[PDB]
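Take a look at the structure below.
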Amino acid sequence: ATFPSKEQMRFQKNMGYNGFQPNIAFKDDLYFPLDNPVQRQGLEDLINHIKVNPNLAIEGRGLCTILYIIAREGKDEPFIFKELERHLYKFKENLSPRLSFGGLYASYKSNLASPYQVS
Amino acid sequence: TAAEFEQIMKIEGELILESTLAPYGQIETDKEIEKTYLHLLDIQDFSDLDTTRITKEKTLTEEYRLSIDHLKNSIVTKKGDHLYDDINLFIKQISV
Amino acid sequence: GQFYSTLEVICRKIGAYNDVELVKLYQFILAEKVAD
Amino acid sequence: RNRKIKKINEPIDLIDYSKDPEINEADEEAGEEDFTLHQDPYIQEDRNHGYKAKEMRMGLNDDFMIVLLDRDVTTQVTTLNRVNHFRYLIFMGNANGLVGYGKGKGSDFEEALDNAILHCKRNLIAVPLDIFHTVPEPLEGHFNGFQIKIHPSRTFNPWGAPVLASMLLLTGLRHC
Amino acid sequence: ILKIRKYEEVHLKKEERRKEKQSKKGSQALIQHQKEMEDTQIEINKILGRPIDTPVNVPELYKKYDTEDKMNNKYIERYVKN
Amino acid sequence: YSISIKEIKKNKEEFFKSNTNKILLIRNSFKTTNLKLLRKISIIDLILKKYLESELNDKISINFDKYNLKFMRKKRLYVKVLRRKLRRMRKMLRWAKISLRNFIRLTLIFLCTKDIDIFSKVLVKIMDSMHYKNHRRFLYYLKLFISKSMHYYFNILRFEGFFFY
Amino acid sequence: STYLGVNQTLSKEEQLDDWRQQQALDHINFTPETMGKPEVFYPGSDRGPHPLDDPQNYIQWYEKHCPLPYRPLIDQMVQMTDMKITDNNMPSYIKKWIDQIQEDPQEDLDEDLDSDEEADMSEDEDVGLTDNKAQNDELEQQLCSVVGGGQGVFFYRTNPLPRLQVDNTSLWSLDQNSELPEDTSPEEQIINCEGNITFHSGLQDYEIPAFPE
Amino acid sequence: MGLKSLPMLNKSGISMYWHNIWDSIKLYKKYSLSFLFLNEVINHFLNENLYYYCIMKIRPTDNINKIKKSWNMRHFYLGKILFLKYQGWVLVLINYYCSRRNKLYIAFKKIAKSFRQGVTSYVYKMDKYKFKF
Amino acid sequence: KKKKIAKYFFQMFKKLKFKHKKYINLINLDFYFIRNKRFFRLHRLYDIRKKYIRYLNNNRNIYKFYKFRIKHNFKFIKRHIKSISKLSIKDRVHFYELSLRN
C-alpha cells in the first residue's frame, strides 16, 4: 500500500494548511486579507490618511484596490471618490484587467461614483 | 596605576613652570566664576535656546483666514479673476 | 506646509510683500472681529 | 580649569612605557635609499616621546648575516603524554669584530628561529681586532671532543669547514 | 530613430560579423528591436487618438521635420581651405 | 545655477558650527529620492509584514537597522601596522575572493559588537574555499594575529576573552 | 579641455546619445509640448527679485521647473564647481570658473580603497559627522589614538543615522505585479541605501513610534 | 572529557538577557517555536536573494549562477535577529553591517560655444541660421 | 641637487613658518644623535652546512661567465684553482680586473 494515501492528503486540505497565501500577491494585483481585526484598523488609517492629506501621489494599484474593498464592505464615503477621480488620467489604457475590474466593480456598487469615473 | 601616575607627575611639571613664569591676570566677577564651575561640572546653558523656538500659542493660523474673508467680501471674484482660483484652494488648505 | 506656498502667490498680488504684512495692514479690521 | 583643558583632570595614558624590543622590521620598504651621512640629530620636541629604554644591541648601526648550524627535536615525558620542544641554533656577526650566538627553543621551528635571534643580539660581544694584521699568533680552543687551531697567513685559506671559513671571516680574521 | 540607428549600426555589425567569425569555425536583436519599436508606436498611437491598428513606420514622418540639405556646398570647402 | 552653487559651498565651509541637536539628523533625505526608494521597497509589506501579522494577531514594526560605527577614509600607520603582519594569509584570502580591507574591519566590528555570527561566517568562507591540506597553517596565522596584534584592543573596548576549539 | 583633462569623443552609442540631446535643444518652440513643463516665473524673494540675492531659493524653484532639454547641460555645469585642479600657476581669467589649490612653494625640497575588481560599481562615501571633508578630518584626527606598542584606533562612533518609516502608505507607491524591477531588488536597496529603514503596521496622530528611532 | 555543565543557563537569569527578552504564560510553546521559525526565514530570505526567485516562478509569465552563488550579497554580514513584545506590539531589531556599499543615486566644449559671448548670452538655433554680411 | 640641498643645506635657507609650541616641551630640549636609518633592514640567512651543493654549483656556473675554457669539467677547475690559490689577493685582482681582456 502507498503512503501517503489520497484520503489522508485531504485531511491536510480540508483544514486548509496546504496553502501559502503570500504567493497570491504575485498572482492578484489586489490583495488584502483582513484576516484579523488589527488588519482592519489598517484600512481605516488609510481612509483618514487621505482625508487629512489633500496633496497626494498614487499609482494605479493602490487607488483601485481601496475602492474594491470599500465596495465589498459597503462603507459609505461621499468624500473619497471625488478626491481620487482626479488622478484617473494618469493610467488610461494602462491598467491591468484585475484592477480595471475593481474600480469598475466599486463605481457601480458605491452609488457614489461619477459618470466620468465609470466611463 | 599608570594613568593615575601620569596625572601626578604631569601636574608637578606644569606647576613648576608657573613658579618660574610670571603671575598672570585673574578673574574677579561672580558670573565669570560660575561659568568655571559649569565648565568643570560638564553643565551647559540649555535654557536660553527654548526662548526663541515657536509655540502653538503665538501662531496665526486663524488670523490669516479672517483677513482673506475680508478680501472676498470686499473684492469681486469670478473665474476670469486671478484670485478666485487660489483662494478657494486656500480655504481647503486650512479646513482639510 | 499645505497653505503656506499659496499665500506667497496671494499676498504679492495684494500689497503684502510677505505673509505678516497682511496682519500688519489688517490689524484693526481683524481686532474688531475678535471678542474676549 | 586649566587641568580639564589639558585632559589631565581624570587619569590618562599618552606615553608608551613598553619594553617590547624591535625585531625584523621593514621586510619590503622601497628597497634602499642613496647613501647619506649621519648629521641630522633628534630633537626632544615632546616631553611624552623619548628614546629611553632602547638597548644598544638593537641600537647598533651595522648590519649582520645570520648563519644556520643545527635544528633538533627533543622530548619530555609525562604521565599522560610526550611533548616535543623544537630547537634551533644560529650565529651572526659583522666582518668588523662583532659576533654572537644564540639558542632557540619553542613549539615550532619557525618560533625557535624568532627566539634565537632575540638571544643573539643580546648575546653580542666585540672582539679585539686590528684590520691590519688581524692574527698575530696561533690559538687553540678545546671544547669536548673538539678543537680549533688557527695559524696566521698573509693570505686567507678557507680549506676546511665552509662554515668556519665564513665564521672566521664574519669576525674579520682574514689573515688565517 | 535613436533605436533604429543603434540597430542599423551596432547590433547588425556585431551580429553579422559574430555569426561570420563563428560560422567559419563552426536572433534576439531581430526580435528585441521589434519589441521596442512596437512600443514607440503605442505612445504615438495615443497622441492621434488612433490605436495600435495604424502602422507607425517612423521615417515617413521624420522627413517633414528636417528640411536640411544632407550635404554641404563644395565651393565653400574650396573657399575656406584656400 | 552654476554661479549659485559656488557661493553656497564657500558659505558651507566656513559657517558650519557644532550642531546642537543631533536627533534632527534623522530627517535627512538620502542621496536617492526618498520616494523612488519607497517605490522599490513597498513590496515587502504585502509579503512579510502583512503575513507575519497574520501568524500573530498583533502589531509589528521591523527595523533593518545598521551599526553606529564607521571607519576612516585615510590610510595611516595604524592600518599599515596590521597589513604588514597579515600578509601570509593573503594567498589564503584570495582563494575566497575576499578583500583585505574588509577582513580587518569585521574583526573590529566583532571585538566591539560581540556578535558570534559575523566573524564565524568569515572563517567558513575561508575554511571551505581552501583545501583540506591547508587548514593547519591558516590557524597558526590566526593564533598569532589574535594573540599578538589584537590582544591590545581588549582593555580599551571593555572586552576580555577569546577561545576557539 | 586638455589642461583640465577632458577625454576624447565617446563611442557611437554615446554619440547617438549626444545626437538627440542636441535635437531636444534644437527642436524648441517655447511650448510645454517641446519642454515637458509649463511656464513659470521666478518667485520674487525677500532679499530681492534677482536670484543670486538668495541662491538657495533659485535652486529649489529651478529644479521643480527645469525643462527636459536643459537638464543634461546642468549636470555638466555641476562638474565645473567640483573640478578642483591644482597648480601654483594658472591664469586669472580661467580662475573665475575653476579652482586653484595653491601648492606650497618650498615643497619639492621637504587613502582607504578596495582591493577587489569584480564589482560593477564604486562605493558610497558614507555619511560623516559633518558635510565638510576637511572639517571632518580635523575632528576625526582628535578621535584617533594610540593603543598598544604598534596599533591604534582608526574608527569612530557616529551621530544617529537617518531613517525612514513605512506604514501602509506603502500601497500608494506600489506598482503592479505585471511590471516590477527584475534587475534591482528591495533587499539590495535596503542594503545599499544609507541610514536605516522601518516598516510598522501604523499608528494614530497622537501616538509615538513603538521602537526608538 | 570533563563535564562542562550548562554555562549560559547558569548565568542567564541573573547576568544576561536571553537571545530574546519576551515572556509568555500558557503560550510558551508557540512563541518559543514560532520565533525560531522566523529567525531562519529572515536569514534565508536575506542571505539568499528570494525576490529574484519570487519573480521567475511564483509569478506567471504570459544571471542564474550569479544568483545561486548570491554574488549580490557577498558583502552582507548579519549580526543577529532580535524579538520583543509589549503593548500589543511585536517588534524586530535587525542589525546588519556591510563592508562595502554601492552607488545607486545616479563633452564640455559644447557649453563653451553657446556661452562664448558671456554668461546670459545663449546661442539658440534661431540665431545661427543667420549670417550677418 | 634637489636632494643634496634638501638634506644638508636646506635648513640654512628655510622660511619662518610660525608654529605654536607648548612652553612645557621647550625646557626639556636635548639635541643628540640616535640611530642611522640605512640599517633598519632585516637580518638575512646563510646556510652552508646542508645546502652547500646548491651554492657551489651556482657559484661555479656563474664563474662560467668569463669563459676561461668553453668546456667546464672538473678537470679544468682543479688545474685552474691550484695556481690562483697561491696568489696574494693583490695578484688575484689583476687577473680578473687588469687583464688585456678588460
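Taken together, the residues in the range B:1-41 that are of a type in the set (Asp, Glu), surrounded by 10 or more Cβ atoms within 10 Å (Cβ to Cβ) and within 24 Å of residue I:28 (Cβ to Cβ) amount to 4.
Could you check, for the range B:43-65, whether at least one of its residues is over 30 Å from residue C:5 (Cβ atoms) and of a type in the set (A, V, I, L, M, F, W, C)? Yes, there is a match, as at least one residue in the range B:43-65 is over 30 Å from residue C:5 (Cβ atoms) and of a type in the set (A, V, I, L, M, F, W, C). Among the residues making up the range H:2-24, a single one is exposed (fewer than 10 other Cβ atoms within 10 Å of the Cβ) and either on the phi > 0 side of the Ramachandran plot or among the aromatic types (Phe, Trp, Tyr) (or both): H:17. Looking only at residues of the range G:172-188 that are surrounded by 17 or more Cβ atoms within 10 Å (Cβ to Cβ) and under 24 Å from the mean Cα position of the chain (by Cα), we find that the one that is nearest to residue A:30 (Cα to Cα) is G:173. Can you tell me how many residues within the range A:35-70 are under 24 Å from residue C:1 (Cβ atoms) and either acidic (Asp, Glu) or in contact with a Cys (Cβ under 9 Å, 6 or more places away or on another chain) (or both)? Final tally of qualifying residues: 2. The set of residues in the range I:16-34 that are more than 42 Å from the chain's Cα centre (by Cα) and either over 30 Å from residue D:59 (Cα atoms) or more than 7 Å from chain D (Cβ to nearest Cβ) (or both) comprises I:18, I:20, I:21, I:22, I:23, I:27. Against the conditions (1) exposed (fewer than 12 other Cβ atoms within 10 Å of the Cβ); (2) over 24 Å from residue D:24 (Cβ atoms), residue I:44 satisfies every one except (2).
Taking helices (runs of 4 or more DSSP H) as the structural unit, those lying wholly within the range F:62-117 and holding at least 2 residues that are under 17 Å from residue G:144 (Cβ atoms) correspond to F:77-85, F:100-113.
Table: residues versus (1) in contact with a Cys (Cβ under 9 Å, 6 or more places away or on another chain); (2) over 30 Å from residue D:73 (Cβ atoms).
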| site | (1), (2) |
| --- | --- |
| D:102 | yes, no |
| D:106 | no, no |
| D:121 | no, no |
| D:126 | no, yes |
| D:144 | no, no |
| D:152 | yes, yes |
| D:157 | yes, yes |
| D:161 | no, no |
| D:165 | no, no |
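Would you point out which residue out of F:40, F:91, F:80 is out of contact with any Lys or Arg (no Cβ under 8 Å at 6 or more places or on another chain), of a type outside the set (A, V, I, L, M, F, W, C) and either at the interface with chain G (Cβ under 9 Å from one of its Cβ atoms) or surrounded by 18 or more Cβ atoms within 10 Å (Cβ to Cβ) (or both)?
Only one candidate passes the filter, namely F:40.
Here residue D:5 fulfils each of the conditions (1) part of a loop (DSSP other than H, G, I, E, B); (2) more than 7 Å from every other protein chain (Cβ to nearest Cβ); (3) loosely packed, with under 14 Cβ neighbours inside 10 Å apart from (1). Of all residues in the range D:54-90, those satisfying the criterion of being polar (S, T, N, Q), over 27 Å from residue I:50 (Cα atoms) and more than 8 Å from every other protein chain (Cβ to nearest Cβ) are D:76, D:78, D:79, D:81. Selection over the range A:85-119 of residues that are over 14 Å from residue A:68 (Cβ atoms) and exposed (fewer than 15 other Cβ atoms within 10 Å of the Cβ) gives a count of 13. Restricted to the range F:26-37, and to residues there that are surrounded by 14 or more Cβ atoms within 10 Å (Cβ to Cβ) and among the polar types (S, T, N, Q), the residue that is farthest from the other protein chains (Cβ to nearest Cβ) is F:34. Note on the range H:64-79: among residues that are outside any helix (DSSP H, G or I) and on the phi < 0 side of the Ramachandran plot, the one that is farthest from the other protein chains (Cβ to nearest Cβ) is H:69.
Residue by residue, here is whether (1) of a type outside the set (A, V, I, L, M, F, W, C); (2) in contact with a helix residue (DSSP H, G or I) (Cβ under 6 Å, 6 or more places away or on another chain) holds:
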residue	(1), (2)
A:79	no, no
A:86	yes, no
A:96	yes, no
A:104	no, no
A:107	yes, yes
A:113	no, yes
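Can we say residue F:47 is surrounded by 13 or more Cβ atoms within 10 Å (Cβ to Cβ) and either under 28 Å from residue G:181 (Cα atoms) or in contact with a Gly (Cβ under 8 Å, 6 or more places away or on another chain) (or both)? Against the criterion (surrounded by 13 or more Cβ atoms within 10 Å (Cβ to Cβ) and either under 28 Å from residue G:181 (Cα atoms) or in contact with a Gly (Cβ under 8 Å, 6 or more places away or on another chain) (or both)), residue F:47 qualifies.
Can you find even one residue in the range F:47-56 that is within 7 Å of chain G (Cβ to nearest Cβ) and either within 27 Å of the chain's Cα centre (by Cα) or not in a helix (DSSP H, G or I) (or both)? Yes - at least one qualifying residue is present in the range F:47-56. Could you look through the range C:1-18, keep only residues that are more than 10 Å from chain B (Cβ to nearest Cβ) and outside any helix (DSSP H, G or I), and pick out the one that is nearest to residue A:52 (Cα to Cα)? This residue is C:18. Please state which one of H:96, H:53, H:31, H:105 is under 20 Å from residue F:44 (Cα atoms) and either part of a loop (DSSP other than H, G, I, E, B) or more than 8 Å from chain F (Cβ to nearest Cβ) (or both). Just a single option satisfies the conditions, and that option is H:53. The residues of the range G:20-41 that are under 26 Å from the mean Cα position of the chain (by Cα) and in a helix (DSSP H, G or I), listed by number, are G:20, G:21, G:22, G:24, G:25, G:35.
Looking only at residues of the range D:101-135 that are among the basic types (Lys, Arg) and assigned to a strand (DSSP E or B), we find that the one that is surrounded by the most Cβ atoms within 10 Å (Cβ to Cβ) is D:105.
Taking the conditions (1) in a helix (DSSP H, G or I); (2) closer than 30 Å to residue A:43 by Cβ in turn, residue G:180 satisfies each one other than (1). Restricting the range H:92-133 to residues that are under 30 Å from residue G:94 (Cβ atoms) and among the hydroxyl-bearing types (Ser, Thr, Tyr), the residue that is surrounded by the fewest Cβ atoms within 10 Å (Cβ to Cβ) is H:120.
Kindly evaluate residue A:34 against the criterion of being assigned to a helix (DSSP H, G or I), under 19 Å from residue A:102 (Cα atoms) and of a type in the set (A, V, I, L, M).
Criteria not met by residue A:34.
Of the helices (runs of 4 or more DSSP H) lying entirely inside the range G:57-159, those carrying at least 1 residues that are closer than 30 Å to residue G:38 by Cα and either facing another protein chain (nearest Cβ under 10 Å) or within 20 Å of the chain's Cα centre (by Cα) (or both) are G:71-82. Across the range C:19-31, the number of residues qualifying as within 8 Å of the chain's Cα centre (by Cα) and at the interface with another protein chain (Cβ under 7 Å from one of its Cβ atoms) comes to 3.
Backbone-built Cβ (ideal geometry, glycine too); neighbour counts: all protein chains shown. Rule-based calculations on the coordinates, nothing more; no lab input.
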